[PDB]
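As a starting point, one isolated chain is supplied in structure tokens, in the form deposited in one PDB entry.
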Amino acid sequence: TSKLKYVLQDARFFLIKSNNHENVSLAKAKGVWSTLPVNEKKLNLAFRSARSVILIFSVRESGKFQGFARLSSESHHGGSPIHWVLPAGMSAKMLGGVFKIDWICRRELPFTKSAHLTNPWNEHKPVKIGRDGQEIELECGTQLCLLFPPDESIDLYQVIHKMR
């Protein structure tokens, strides 16, 4: 995992929570993500200050993580629309900011396999606990990403090249 550990060096980690499976599947297919404006501003500021910003995805009530990815841009408004399945009470403009993301792993990891990992930045609660945008301490987030099964469909050349 030396290439994987390289991508994770000095990274900041954020839990991303989706209300539906459809938007995570579209995120994996198109390499983009959108979030509410508060978390959008948080991720934009993290992108500018951190070597890498890693998003760890978990569909609400699914009992698993669905993979993780690296932010490759700040959010962009006004591009070609992403046709998200809009959660209840949310409009398309609320998710108007579109981040480009490079997926590092698109495989699943059940919460049962992460039960030994606690986040010291969230009162040492298990890493499965949190709302959208919950930040995860460096070492806890690194170990979590290393728990995912290997994704043979991922080529880390491009993400590593744009980090040089």
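Think of the rigid core as the biggest set of C-alphas that the two forms share within 1.5 Å after superposition. We number the residues from 1 along the sequence you see.
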item	value
Stretch departing more from the displayed form, 120 to 128 or 135 to 143, Cα RMS in 7 other deposited structures of this protein (core fit)	120 to 128
Rigid core superposition result in 7 other deposited structures of this protein, more deviant of 11 to 19, 149 to 157 by Cα	149 to 157
Of 112 to 120 and 38 to 46, the one with larger mean CA B-factor	112 to 120
Of 86 to 94 and 69 to 77, the one with larger mean CA B-factor	86 to 94
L156, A11, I16, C145, ranked by C-alpha B-factor: the highest one	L156
Chain third (lowest, middle, highest) by recorded CA B-factor, residue given as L26	highest
Position of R51 among the chain's modelled residues by C-alpha B-factor, lowest, middle or highest third	middle
Relative C-alpha B-factor of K100, binned into the chain's lowest, middle or highest third	lowest
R131 CA temperature factor, ranked by third within the chain	lowest
